[PDB]
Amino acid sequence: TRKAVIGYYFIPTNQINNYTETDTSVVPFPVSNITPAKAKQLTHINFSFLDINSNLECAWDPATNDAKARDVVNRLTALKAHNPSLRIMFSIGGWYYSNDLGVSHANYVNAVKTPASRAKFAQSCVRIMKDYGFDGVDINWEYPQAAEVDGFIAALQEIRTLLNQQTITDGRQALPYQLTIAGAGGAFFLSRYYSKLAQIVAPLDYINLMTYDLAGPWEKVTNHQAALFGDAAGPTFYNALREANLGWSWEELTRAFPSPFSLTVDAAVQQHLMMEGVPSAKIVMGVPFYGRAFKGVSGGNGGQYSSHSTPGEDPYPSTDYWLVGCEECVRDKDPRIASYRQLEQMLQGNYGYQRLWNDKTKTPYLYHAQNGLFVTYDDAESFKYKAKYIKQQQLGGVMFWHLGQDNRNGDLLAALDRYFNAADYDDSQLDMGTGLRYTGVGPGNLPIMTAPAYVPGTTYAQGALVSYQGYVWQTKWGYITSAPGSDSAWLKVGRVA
């Protein structure tokens, strides 16, 4: 099966209202940058972002010029003429609109509350999709928590029912309308809805994991924002999944959730695969087309895992633009983030940046010894390891944020398409390295094990292993006269073949 290549395409309202394809100071990355050849490299383009309004319906930001909106969307859907497999989805949400303290947060929470609100919201999603010519719906609420998850799931199931009927109604069986969501790529946010992952994923074609932003100025130690595997020398974190309402024992939680652990791409993927009912084919690994920068880093380790003096507030509080060579940063007024396109230019501008590589995390980083800067980002080389990981783990594909941050020639997208589809690219001998792998084992991903059947009336010693009722069990202490599963003395450690 072809690996999905899902590229989000972010275009702010101000840009939609002044859309032009001949002035990069107004629209840095117009749709015209995507040629028929680049259109062929993508399976999905997710237009970002639509929102949920106070009427609790899917809608464009009110400030959007509707005619300019349709026009930008038409330029994207026209790309389908060059790729019969391409879908132009729209994404609802994003950090600014839907974070807990976001401008439209209450609308997300309220829309999923009842059967009536869910039906009215779902219907608006299908109406917007058909009105503008989209091919599916992507939900990017960052993020529903505990009490809101059941509504969220029911909202997804209702959208799924409406889209499936729409597919039949429009005779779109060859290219069915799709539903996806962008999910947390780190344990802290993932802990909010983790216990119900199987239900959340059931109605989706894919869950796009935001496996990046695992590092940033809001953290005290500099680190790679999307390390594939862990580096023992890098910082580790409390595993928040241990606090999810799973109703598992202390032994089960401890075994399933190693802690502290390395916040990596592999960790997020394995955490999703751990849960029974979450198919690998639906998991899509996100990669960033931008980097995050830190200033004030100590030397010696290329700036990795160092204390720093980077403001962590949003918006950027200063007028001081300290990321050398980043003119995009001055225009956008934030020296802490830069598109790959700009970072590649900085590497070309002979500014004193050393492009370094961590062979454990399999990711590049920039170090500016002279000024004490550190930049974590991804490139065509780190993408080789992530693409092989994707094939090896049988994931559904790759997703990236966002199309508009690739360089002018679209090399990052081209690289991804190449790793999955080029006849002349061969990664059979690519060495995945010795970086740290995440190996939590829970009640949902138990290995096959072999042990003598349990014998009623027998007394067992601590550590004894018996098979009973489909599982292999182990005693946590001595003199067990209870049957496996009838009391807290036995730990479920394996499955019977």
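Numbering starts at 1 and runs along the sequence shown.
- Between 385-393 and 239-247, the higher mean Cα B-factor belongs to 239-247.
- Relative to one another, 297-305 and 146-154 have unequal mean CA B-factors, and 297-305 is the one with the higher figure.
- The PDB entry assigns its highest CA temperature factor, among 288, 230, 410, 260, to 260.
- Each of 200, 119, 139, 274 has a CA temperature factor in the record; the biggest one is found at 274.
- When the CA B factors of the chain's modelled residues are split into thirds, the value for residue 441 lands in the highest one.
- Per-chain ranking of the deposited C-alpha B factor places residue 341 in the middle third.
- The PDB entry assigns residue 37 a C-alpha temperature factor belonging to the highest third of its chain's modelled residues.
- Sort the chain's modelled residues by C-alpha temperature factor and residue 82 lands in the highest third, per the entry.
- Residue 48 sits in the lowest third of its chain by CA B factor, as recorded in the PDB entry.
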